[PDB]
């Protein structure tokens, strides 16, 4: 048994586990070191055109340390600027994979109630970032999945549930609670007091399997769309960090190497043996993350990984350039009078092209986890995009614009202009929110004893729109 077999008071605050596990706590807090903010819209402006009409066209950055998960969720322009617990653009489900307070609230008020309402609803309750309680039982300290949608997805796909999986499988599944692709399923229900409510439930699109094509069939079957494209009016699908799905069928995944083997390698200091909890870039310490299984040179392995990234970049830029042009050319055809019937096939191609390309790039480590599937997906997506463009030439020609040249979107500024994103307004409104309601959330959370000031150190120094220099 553990030294806390009856549980841990205040379990949602990771600091509460420190007295029992100083090593794991100290390494866990070190993800604070990964504070870089890479603005993906700035690096890949084609993404702005791809996501026109959707929140990702406003703000989208690369992943950084777990230490910043909650604050980034608050800072992203995607969550907008609520003025109370009933306003703001996004639902409560947006907190789900950012805090140990989520399982706390779910175990308290239930899954449906948790998924009901606005993101702003839990502003002064969900205040701790990815912690011990997201992956560990507070009595046995054993690995556990705290989100019901994971098992439901696993079962639907023909996989064993978390409880029925091997220990090695669990070392990856704890990550899969969050590092997977999902969608929100509008779910109607009624609470104990007889009140009819509507929940937006996190759902893994795995009922037909976890391949990109199977998920595609899943979404098409239910005629689902995350949004109607702002330029092409195509019914779009948004892929979000399908890290586990892509990893699962990559060679390491097929071999049984777990996320933890590379990202949380075992370490030994003296006679002390434990798992490095500083989840980050495995290449930072290859002797612990790679050289236990590989006998070659570290530099050679790093050069190989770099090559994989370069291949992905090559195909990514091609696919999204054609996807972007397709969206714009469809928008031009629309302006000229093209009917929905004339654009149906084209829009279907675009929907599929971007779903495949986004699934390939949304998982930031996929270029390494599953290189070959990533390249195949980008090639497949590009082909669908070009099929759409070949057809668009004919539609444009019919309306007298065969020589139309889709506008360029090589800078974030130009792309957001094409996507009609009023950044100045969004940023101004966001800053107001941060200076008022956000501070009230934190003040109240601290007053109630749900949040310890210590955890906020250097947590709000950067975002894609401001930089106090370094988080």
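Residue numbers count along the first chain shown, from 1. Rigid core (definition): largest C-alpha set, two forms, superposition within 1.5 Å.
Next on the checklist: Which of the two stretches, 249-257 versus 268-276, has its Cα atoms farther on average from this form in 5 other deposited structures of this protein when everything is superposed by the rigid core?
Outcome noted: More C-alpha displacement in 5 other deposited structures of this protein shows up in 268-276.
Checklist entry - After a core fit, does 211-219 or 296-304 show the bigger CA gap to the shown form in 5 other deposited structures of this protein? => result More C-alpha displacement in 5 other deposited structures of this protein shows up in 296-304.
Item to check | Selected stretch [higher average CA B-factor]: 161-169 or 322-330 | outcome: The entry gives the higher C-alpha B-factor average to 161-169.
Checklist entry - Looking at the entry, does 421-429 or 55-63 show the higher mean C-alpha B-factor? => result Here the higher of the two C-alpha B-factor means belongs to 421-429.
Checklist entry - So among 131, 80, 85, 253, who wins on Cα B-factor in the entry? => result Largest recorded C-alpha B-factor: 85.
Checklist entry - Say you rank 271, 370, 260, 93 by Cα B-factor from the PDB entry; which sits at the top? => result Answer, based on the entry's C-alpha B-factors: 271.
Checklist entry - For residue 358, does the deposited CA B-factor place it in the lowest, middle or highest third of the chain? => result Answer is lowest: the recorded C-alpha B-factor places it there.
Next on the checklist: Please place residue 380 in the lowest, middle or highest third of its chain according to the CA B-factor in the PDB entry.
Outcome noted: It belongs to the lowest third of the chain when residues are ordered by C-alpha B-factor.
Checklist entry - Going by the entry, which third of its chain does the Cα temperature factor of residue 124 land in? => result For residue 124, whose C-alpha B-factor we compare with every modelled residue in the chain, the answer is the middle third.
Checklist entry - Comparing residue 316 with the other modelled residues of its chain, is its CA B-factor in the lowest, middle or highest third? => result Ranked within chain, residue 316 CA B lands in the lowest tercile.
Checklist entry - By its CA B factor, does residue 276 count among the lowest, middle or highest third of the modelled residues in the chain? => result Middle third by C-alpha B-factor.
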